[PDB]
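> so I've got this experimental structure, pasted below with the sequence.
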Amino acid sequence: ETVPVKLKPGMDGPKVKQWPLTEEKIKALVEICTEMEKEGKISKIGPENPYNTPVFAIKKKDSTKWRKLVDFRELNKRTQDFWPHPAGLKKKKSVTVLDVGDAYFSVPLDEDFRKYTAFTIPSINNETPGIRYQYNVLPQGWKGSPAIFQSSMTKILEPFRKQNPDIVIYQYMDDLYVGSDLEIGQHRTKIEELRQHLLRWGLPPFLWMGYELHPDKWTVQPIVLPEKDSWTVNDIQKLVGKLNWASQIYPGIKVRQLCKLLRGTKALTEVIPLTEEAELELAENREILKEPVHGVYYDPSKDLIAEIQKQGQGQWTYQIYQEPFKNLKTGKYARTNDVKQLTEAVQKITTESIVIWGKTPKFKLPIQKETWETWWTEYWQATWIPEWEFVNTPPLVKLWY
Amino acid sequence: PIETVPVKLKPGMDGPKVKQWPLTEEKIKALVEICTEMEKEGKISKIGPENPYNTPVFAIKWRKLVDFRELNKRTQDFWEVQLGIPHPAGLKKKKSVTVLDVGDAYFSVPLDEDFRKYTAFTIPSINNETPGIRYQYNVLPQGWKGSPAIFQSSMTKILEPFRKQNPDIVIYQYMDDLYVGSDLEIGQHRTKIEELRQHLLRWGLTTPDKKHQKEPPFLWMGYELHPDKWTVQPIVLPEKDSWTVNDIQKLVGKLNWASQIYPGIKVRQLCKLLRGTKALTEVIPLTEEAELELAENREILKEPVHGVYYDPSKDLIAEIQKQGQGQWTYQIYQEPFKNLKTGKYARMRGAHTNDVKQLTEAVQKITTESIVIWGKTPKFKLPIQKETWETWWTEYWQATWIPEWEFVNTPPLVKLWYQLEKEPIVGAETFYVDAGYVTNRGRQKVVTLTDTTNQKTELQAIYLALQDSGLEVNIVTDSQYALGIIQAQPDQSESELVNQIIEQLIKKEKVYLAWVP
Ligand SMILES: CC(C)c1c(OC2CCCCC2)c2cc(Cl)ccc2[nH]c1=O
């Protein structure tokens, strides 16, 4: 019995190009797929399937085993909607993340949809056709899998849910977020209870090192002003620049007094004593920045955007908003290499977007696509893949964070 | 026989109902002879009035040719051919390699029963009052949309077994050709070939005989393939007196092709000949430097250089060097300066850049290239120092990473001709620019720029400042633009203005650039 699924009206299947892979990853992919084949989860396909979705091999944390990762991003987009988020979960002390992707492997996929799950294990130097497949069961990473498996999933959970009502359990794509406030020792032990309680039904690894997220401790990185002993013409100028910028957000910011210290083409290094008027204006400016701008609410119907700035020395900055300057959250991230770090960050920020809103944000990466497409899979560990576009971080925006 | 591949017409569309052009009785007679045989052979079958579909046929001894454009327009999309070919360096050497010409393979492959009706055509009868014979295909029609895709597929299934049975032999399918290589002893190899030729026959797949087979070298699309080595087909340079934009464009083209094996080929001087050209037939007289490049390349080409094959056992080493501003040359080898392939890189990404940035991109291109050919990234040997790199690295807004690389002191070495101060300079004069400037020391200069553009004025201002300022300078500007440009510390640009500034910048001892609203 398979739920007849369909693509959004008029839409066709995806025909996404497959990014070149390293022999290693290809090998991993062959071993894996070949087994999924014996187990009848996938099946080879013929030339009559013009569709394609990119695959990748990523690495399991604390495991020598690889993990097939299919970028069903396009497919999920052309996939019909299906007809919630526990605000409470973000408040728990500890959230652990589990990989329940294997749940799906035991649920057939509507025969007619199967052609759309087509993917290809490429070959080096094009010496061979390239191995083609499509899914028979619910494919991990497809937006349809959680839905269809929803029912069966709720069943499986209701006992634990009632047994441990102090625990919050959220499912997202192939991940399960288990939250609570118990002492760390207890948290880790009640999780394992669930693990085996999942085994009890059918085939659950610990995502993210099997370590805990502590959403409780997540906090917004407000804008900050240089607090210094003596203030030079330069200091002030930068100071005024930044303030001026921040003014568009917090319009309560005044510069009048500071800009007055800046009359006359003085020398960048000449030290300027601050007139009390200005001294107090700064102070007010400072207090105004102490917290995020009021009136910024999360709109569930708008895309959640995430931008990252490279700060150097292993330091990065990000911001999550839907409408320019109306940040819903802003954070930092410190260490590796540019890319490794950057990916870890993306993932850090994604996980949060989920935990907090239940939706993955759409990133804007300060990197050259060719590069990203090259190493990103080397450090990626999540089971999902956010939407992303590549950009050129302005010189100043970075200075302002 | 082989399993049929199910076909369907595009969504909502119907079979081809196209009228058959008039056919000379001389041609009618020829087709019928041809189609009878095809029917005797099972390829096609006489059909009835039932079938309303039809696809044009015409005569080209006589040969048959059906126009399937319409059917094709109406046939579904297939996972097509491959569009991607292997590059000689990606191959491992083989002792013997034989190619088989799978004769008329589309014809030897069945066709989805339910689709057969759409392949219907008509051989008009000779006399007025009588009907013309109607047929349809039972196999893969020549010139039909799904024929290659479907043929290639089946072929692979057919080969799959024999492949696993004979791991010691690799096979490459390319349309109808089939290449078989192995490191078997002549005798053995040759026999396994026959072992193969039979297995194909077990499926009506008939190949050419050993007496008529094709053996190396192989002039396969721009290449010349030997068992132990490879190259580009011999490239001959003209010795004209009068060169046309067109002749030149072609030269440059053929020259590039060489680049992947012949190191040091240079086309700058020639490419320059194309400026302002008004027609493809326009003649251009060669500059002294073009004649030199032509002669230089001519020489490098008179030398037959070959490429080696991939030895999976050994590592890949990529070595890059600066051949000119914007020009980078590289060569990938496994054994000491014994190339598998070489190549150039001129790609200027963005109006302005610096060798560090440009060199780093050259690394990404090579990287992507290698992953595509040998499935692995090569250890790089670059003319840059870790500290030099690392420095520019961490201070650049964009994130970036270079594989495993080793410094190689092989001039020139890429460097940074300058670095903006992190802090304003004490004792250095201070300029406030906007087309002019004003300094803390009373000085000023305004200038009337003609033709300039908004941004171009901003850089001028700055340029002015740099000019007039002493060895150490502090500069304040409101232009975000110019600031970005310079902060990014370029060392080459398409804009002349920018290059002047850069010159200024290299000469200064200390420069501080600051921005203000
Ligand atoms: C892919 C395979 C059959 C292969 C060769 O066949 C090639 C395949 C591409 C078409 C032309 C001939 C090949 C040919 C020569 Cl001449 C030397 C080494 C080679 N090593 C190999 O692994």
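That came in fine, so what should we check first? Numbers count the residues shown, from 1 in each chain, chains lettered A, B, ... in the order given.
> ok, residue B:132 touching residue B:124?
Yes. In this structure, residue B:132 is within contact of residue B:124 by CB atoms under 8 Å, at 4.0 Å. Bear in mind the C-beta positions are built from the backbone N, C-alpha and C, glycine included.
> okay, and the common contacts of these two?
By the contact definition CB atoms under 8 Å, 6 or more residues apart in numbering or on different chains, residue B:132 and residue B:124 are jointly contacted by residue B:20.
> which one of these two is surrounded by more residues?
Neighbours around residue B:132 and residue B:124, counted as other CB atoms under 10 Å in any protein chain shown, are more numerous at residue B:124. The numbers are 18 against 15.
> now do the contacts for the more buried one.
By CB under 8 Å, 6+ apart, residue B:124 lies in contact with B:20, B:22, B:23, B:28, B:132.
> and the last one, what is it in contact with?
With contacts defined as CB under 8 Å, 6+ apart, the neighbours of residue B:132 are B:20, B:122, B:123, B:124, B:125.
> so it versus residue A:309, what's the distance?
To residue A:309, residue B:132 is 74 Å away according to CB to CB, to the nearest Å.
> re earlier: and the furthest pair within the contacts of residue B:124?
Comparing every pair within the contacts of residue B:124 by CB to CB identifies B:22 and B:132 as the most remote, at 11.5 Å.
> which parts of the chain are helices?
In the absence of a named chain, chain A is used. Under the criterion DSSP state H, helices of chain A are mapped to A:23-38, A:73-77, A:144-163, A:184-199, A:233-247, A:256-260, A:276-289, A:338-357, A:369-379, A:395-399.
> meant chain B actually
Taking DSSP H as the test, the helices found in chain B are B:25-40, B:69-74, B:113-116, B:147-165, B:186-201, B:245-259, B:268-272, B:288-302, B:355-374, B:386-394, B:454-468, B:480-487, B:496-507.
> give me the helices and strands touching the fourth one, please.
Helix B:147-165 sits against strand B:169-174, helix B:186-201, with contacts defined as 3 or more CB pairs under 8 Å, 6 or more residues apart in numbering or on different chains; DSSP states H and E.
> got the angle for it vs strand B:169-174?
Using axes from the mean of the first three to the mean of the last three CA atoms, to 10 degrees, the direction of helix B:147-165 lies 180 degrees away from that of strand B:169-174.
> helix B:147-165 near the ligand anywhere?
No. If you take CB under 6 Å from any ligand atom as the test, helix B:147-165 misses the ligand, and the best it gets is 11.9 Å.
> make a markdown table out of the contacts of residue B:132 and add distance to residue A:333.
Written out in a markdown table, the entries for the contacts of residue B:132 read as follows (distance: CB to CB, whole Å):
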| residue | distance to residue A:333 |
| --- | --- |
| B:20 | 70 |
| B:122 | 71 |
| B:123 | 74 |
| B:124 | 76 |
| B:125 | 81 |
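> which of the residues you listed sits closest to residue B:258?
Closest approach between the contacts of residue B:132 and residue B:258, by CB to CB: residue B:20, at 50.3 Å.
> mind listing what the residue nearest to the closest one when sequence neighbours are not counted touches?
Residue nearest to residue B:20 in three dimensions, not counting chain neighbours: residue B:122, with 4.9 Å by CB to CB, 6 or more residues apart in numbering or on different chains. Counting by CB under 8 Å, 6+ apart, residue B:122 makes contact with B:20, B:54, B:57, B:132, B:133, B:134, B:135.
> what about residue B:122, distance to the ligand?
40 Å (CB to the nearest ligand atom, to the nearest Å).
> what's across from that residue in the sheet?
Per DSSP bridges, residues listed as beta-bridge partners of residue B:122: residue B:134.
> just the C-alpha atoms of stretch A:272-284, please, in CSV.
Below are the C-alpha coordinates for stretch A:272-284, written out as CSV (Å, rounded to 0.1, in the frame of the first residue of the first chain):
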residue,chain,number,x,y,z
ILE,A,272,40.2,64.3,20.2
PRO,A,273,38.9,64.9,23.7
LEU,A,274,35.1,64.3,23.8
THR,A,275,32.9,67.1,24.8
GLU,A,276,30.4,66.1,27.5
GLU,A,277,27.5,66.6,25.1
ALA,A,278,29.0,64.0,22.8
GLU,A,279,30.1,61.9,25.7
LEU,A,280,26.5,61.5,26.7
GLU,A,281,25.3,61.1,23.1
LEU,A,282,27.6,58.1,22.7
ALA,A,283,26.3,56.7,26.0
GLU,A,284,22.7,56.9,24.8
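> is chain B contacted by it?
No. Using CB under 8 Å from any CB of the partner chain, stretch A:272-284 never reaches chain B; the gap is at least 12.9 Å.
> stretch A:75-91 now?
No. Stretch A:75-91 stays out of contact with chain B when judged by CB under 8 Å from any CB, the minimum separation being 15.0 Å.
> show me the contacts for residue B:159.
Residues near residue B:159 by CB under 8 Å, 6+ apart: B:171, B:173.
> should've said residue A:355
The contact partners of residue A:355, taken as CB under 8 Å, 6+ apart, are A:89, A:90, A:95, A:170, A:177, A:213, A:215.
> what's the farthest-apart pair in the contacts of residue B:132?
Comparing all pairs in those by CB to CB, the longest separation belongs to B:20 and B:125, at 11.4 Å.
> for stretch B:129-138, buried residues please.
Buried residues in stretch B:129-138, counted by 16 or more other CB atoms under 10 Å in any protein chain shown: B:133, B:134, B:135, B:136, B:137, B:138.
> end-to-end on it?
The distance separating the two terminal residues of stretch B:129-138, taken as CA to CA, to the nearest Å, comes to 29 Å.
> now stretch A:356-373
Its first and final residues considered, stretch A:356-373 spans 28 Å by CA to CA.
> how far is that stretch from where the chain is centred?
8 Å (CA atoms, centre = their mean, to the nearest Å).
> you'd agree residue A:325 is up against residue A:249?
Yes. When contacts are counted by CB under 8 Å, residue A:325 is listed as touching residue A:249 (5.1 Å).
> the two - which one has more neighbours?
Summary of the neighbour comparison: residue A:325 and residue A:249, criterion other CB under 10 Å, with residue A:249 having more neighbours (18 against 13).
> hmm, back to that, dump the helices of chain A to a markdown table, plus distance to residue B:63.
Supplementary listing: the helices of chain A in a markdown table, determined by distance: least, CB to CB, whole Å:
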| stretch | distance to residue B:63 |
| --- | --- |
| helix A:23-38 | 44 |
| helix A:73-77 | 45 |
| helix A:144-163 | 52 |
| helix A:184-199 | 67 |
| helix A:233-247 | 75 |
| helix A:256-260 | 87 |
| helix A:276-289 | 83 |
| helix A:338-357 | 58 |
| helix A:369-379 | 48 |
| helix A:395-399 | 68 |
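> so which of those helices gets nearest the ligand?
Set against the ligand and scored by CB to the nearest ligand atom, the helices of chain A come closest in helix A:23-38, at 15.0 Å.
> which strands or helices does that closest one pack on?
When contacts are defined as 3+ CB pairs under 8 Å, 6+ apart, helix A:23-38 packs onto strand A:42-44, strand A:55-59, strand A:66-70, strand A:119-121, strand A:131-135.
> which residues touch it?
By CB under 8 Å, 6+ apart, the surrounding residues in contact with helix A:23-38 are A:21, A:42-44, A:55-57, A:66, A:68, A:121-124, A:131, A:133, A:377, B:374-376.
> chain center to it, what's the gap?
Chain-centre distance of helix A:23-38: 27 Å, with CA atoms, centre = their mean.
> next, the angle helix A:369-379 makes with that helix.
Going by the same axes, to 10 degrees, helix A:23-38 makes 60 degrees with helix A:369-379.
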